[PDB]
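*Asks:* sequence and experimental coordinates follow.
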Amino acid sequence: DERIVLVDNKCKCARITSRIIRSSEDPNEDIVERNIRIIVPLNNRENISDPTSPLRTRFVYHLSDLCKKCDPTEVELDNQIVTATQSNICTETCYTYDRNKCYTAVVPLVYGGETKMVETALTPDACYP
Amino acid sequence: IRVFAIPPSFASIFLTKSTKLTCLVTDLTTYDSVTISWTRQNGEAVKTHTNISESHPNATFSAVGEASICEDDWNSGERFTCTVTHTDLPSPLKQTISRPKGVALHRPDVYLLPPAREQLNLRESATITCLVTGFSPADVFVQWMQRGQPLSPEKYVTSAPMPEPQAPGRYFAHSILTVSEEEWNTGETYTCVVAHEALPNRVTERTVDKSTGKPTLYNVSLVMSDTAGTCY
Amino acid sequence: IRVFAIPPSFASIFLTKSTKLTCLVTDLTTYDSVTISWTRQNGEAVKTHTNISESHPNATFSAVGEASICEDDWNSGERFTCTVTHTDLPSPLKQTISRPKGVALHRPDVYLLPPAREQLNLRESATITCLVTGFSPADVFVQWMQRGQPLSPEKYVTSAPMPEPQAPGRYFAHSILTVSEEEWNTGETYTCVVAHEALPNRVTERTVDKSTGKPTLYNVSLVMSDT
Ligand SMILES: *[C@@H]1O[C@H](CO)[C@@H](O[C@@H]2O[C@H](CO)[C@@H](O)[C@H](O)[C@H]2NC(C)=O)[C@H](O)[C@H]1NC(C)=O
Ligand SMILES: *[C@@H]1O[C@H](CO)[C@@H](O)[C@H](O)[C@H]1NC(C)=O
């Protein structure tokens, strides 16, 4: 209740919260706190959509490209309504999987000579077809 | 003279889309006096094609009969009987095959166990096991692969399903594959593919290698830059 | 009138610790007129504890013959025969059995595999595997233990021997036991005991714990560049 969520990334599992604590009583001596929580996977591979990819042992977390806003907002100017660009900075790699997303693959299946490629489910359960 | 009747399998339905019935007959001395036919409960005739195999070393002959039936015929549970007639048999042999009812659907679970640590020290071979448990009914199809290349039907073995003593109604089976010690030490990948009706997409796969699954050490590197950037 | 005289397997020998022979004869009109008596090479009479089973629904009855003999005499190559006399049978029926000699012998190897990490993450159950391979012939008797005491045979399952496609003349088998994840996480120990006739002492054991497979090094490095 006393914390405000800024970003809730799922691919990098990054979550940032900010909070002001009323330390002492002088209004000019209150500290501003920034919390970062990162969960890293140790079993996932380089490309989450290809099981043959090698393992990944290097993780990079840029905070300038995480707390960024990229959706035009509406602004009232007393004579019209316009769309405004939040940031000008606006291929990112997905470290972990997303529950709200489904991951599938193509695999050759041989039986009596004939080969039937069928869609698989890399994720354990995720969504249903 | 014994007759073996094999009901259609789920894999044959999925990958061929044509239900077939087979009642293999062995221990036959003469192939010119054999006849394989299928009759329905009401007596309607079913077209059956009879094939004659080669000569077995034990002075026996086998006849193979493949016939096309509708998926409904089998799935409806309609009881079918294969008719075999021979001059040496005073009475024709009858076999009863049907699919039981009152069976629910349970999603199976798949796990791979890496080769034992004290097996690699002998530097002879490695064994990988694919354990699938918690499913009903008891028809499964497990196929092994190596980095997208289907493996030969001879390098791996599979066992018939058996009941689970703990929870009745859920079964299990496993597939064992052997590999060269140097091949596994190189770092090649292997996959376990299982086909069953209970799965949402009806096929699942899992992947193991040397680096994943009971490893020796964990090497991680982390970089956190731009920690004082603009957030707003 | 069918007479079957099956010899006991290695499992019965290693479980009952005594050599017990059976000359069970089924489909008998009147079991009151039955007599079971084995014979050694010398043809002496055998003290047989004849038993009568229940009444089959098809108006048939069976007689069971139990005899205890010193095991040291079977492996030497002595043929034992049981004689059964019935009123409906004009002549007695004799079944002569012995031990097949000349069978190739190889040492089985025992491998125990711990439960999978992903299964334990679900916090539901754990399973263990006792793989025995490279052995001949097909006579293996495997149990389980927990802290020096045996468990019921309703909590583990064993499989029949199956030929190994790779090396001709070699067999393999597997046993699967179920363990509650919480118990497993307490820190108990489990033991797999394999009994085969080719092993020098006939008994071999393996043990697995929770700490099996724990990693040795956790190299981790962190960089904080406030650029
Ligand atoms: C990671 O894996 C995916 C899936 O294989 C790669 O994208 C696929 O590329 C193939 C052709 O090579 C297409 O048939 C698929 O449609 C692509 N997938 C999707 C979702 O569009 C992707 O290129 C891989 N990434 C890297 C870096 O290799
Ligand atoms: C630890 O990291 C260094 C590089 O920082 C690397 O040289 C070394 O191999 C790592 N340790 C292990 C056990 O991989």
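*Replies:* That came through fine. Residues are numbered from 1 along each chain as shown, chains lettered A, B, ... in the order given. Ligands and ions are numbered 1, 2, ... in the order given.
*Asks:* all contacts plus neighbour counts: C-alpha atoms, from now on.
*Replies:* OK.
*Asks:* residue B:143 touches residue B:190, doesn't it?
*Replies:* No - the criterion here is CA atoms under 8 Å, and residue B:143 misses it with residue B:190 at 10.9 Å.
*Asks:* so in terms of bridging, what pairs with the residue sitting nearest the centre point of chain B?
*Replies:* For chain B, the residue whose C-alpha lies nearest the mean C-alpha position (CA atoms, centre = their mean) is residue B:141; its distance is 2.9 Å. Note on residue B:141: beta-bridge partners by DSSP bridges are residue B:195.
*Asks:* test my guess that it contacts residue B:196.
*Replies:* Yes - the criterion here is CA under 8 Å, and residue B:141 meets it with residue B:196 at 7.2 Å.
*Asks:* distance of residue B:153 from residue C:12?
*Replies:* Look at residue B:153 and residue C:12: by CA to CA, to the nearest Å, they are 36 Å apart.
*Asks:* ok, and the closest non-adjacent residue to residue B:213?
*Replies:* residue B:114 (6.1 Å; CA to CA, 6 or more residues apart in numbering or on different chains).
*Asks:* who's in contact with the one you found?
*Replies:* Residue B:114 sits next to B:127, B:128, B:129, B:208, B:213, B:214 when contact means CA atoms under 8 Å, 6 or more residues apart in numbering or on different chains.
*Asks:* which one of the residues you listed sits closest to residue A:46?
*Replies:* residue B:208 (14.5 Å; CA to CA).
*Asks:* how about residue 13, what does it touch?
*Replies:* Picked chain A for this. Applying CA under 8 Å, 6+ apart, we find residue A:13 in contact with A:37, A:38, A:39, A:40, A:96.
*Asks:* let's do chain B instead
*Replies:* residue B:19.
*Asks:* name the SS class of it, please.
*Replies:* Classification of residue B:13 by DSSP: H, G, I helix; E, B strand; the rest coil places it in helix.
*Asks:* now the farthest one out in chain A, which residue is it?
*Replies:* Distance-from-mean max, chain A, by CA atoms, centre = their mean: residue A:112 at 44.0 Å.
*Asks:* right, and residue B:127 touches residue B:175 too?
*Replies:* No - using CA under 8 Å, residue B:127 is not in contact with residue B:175, being 10.2 Å away.
*Asks:* specify the beta-bridge partners of residue A:21.
*Replies:* With DSSP bridges as the rule, residue A:21 is bridged to residue A:31.
*Asks:* for residue B:178, what are its contacts?
*Replies:* B:125, B:126, B:127, B:128, B:155, B:156.
*Asks:* how about the third one: what's its closest non-neighbour residue?
*Replies:* Yep, that's residue B:127 we're talking about. In space, residue B:127 is closest to residue B:178, 4.6 Å off (CA to CA, 6+ apart).
*Asks:* that neighbour - that's part of a strand, no?
*Replies:* Yes - assessed with three-state DSSP, residue B:178 lies in a strand.
*Asks:* could you measure from it over to residue C:107?
*Replies:* Residue B:178 is 19 Å from residue C:107, by CA to CA.
*Asks:* same check, this time on residue B:88
*Replies:* For residue B:88, the distance to residue C:107 - CA to CA - is 47 Å.
*Asks:* can you check residue B:193 too?
*Replies:* Distance of residue B:193 to residue C:107, given as CA to CA: 33 Å.
*Asks:* and residue 27, what helix or strand is that in?
*Replies:* No chain was given, so I picked chain A. Under DSSP states H and E, no helix or strand contains residue A:27.
*Asks:* you answered for a different chain; I wanted chain B.
*Replies:* strand B:19-28.
*Asks:* can you get me a residue count around residue 9?
*Replies:* Picked chain A for this. 15 (other CA atoms under 10 Å in any protein chain shown).
*Asks:* please refer instead to chain B.
*Replies:* 14.
*Asks:* the residue nearest to it when sequence neighbours are not counted: which element?
*Replies:* Among residues not flanking residue B:9 along the chain, residue B:139 sits closest, at 7.1 Å (CA to CA, 6+ apart). Using DSSP H and E, residue B:139 sits within no helix or strand.
*Asks:* residues in contact with residue B:139?
*Replies:* Counted by CA under 8 Å, 6+ apart, residue B:139 has contacts B:9, B:10, B:161, B:196.
*Asks:* how about a cut-off of 10 Å?
*Replies:* Residue B:139 sits next to B:9, B:10, B:11, B:160, B:161, B:171, B:195, B:196, B:197 when contact means CA atoms under 10 Å, 6 or more residues apart in numbering or on different chains.
*Asks:* now do residue B:172
*Replies:* B:108-110, B:131-136, B:138, B:140, B:159-164.
*Asks:* got phi/psi on it?
*Replies:* phi -160, psi 160 (degrees, to the nearest 10).
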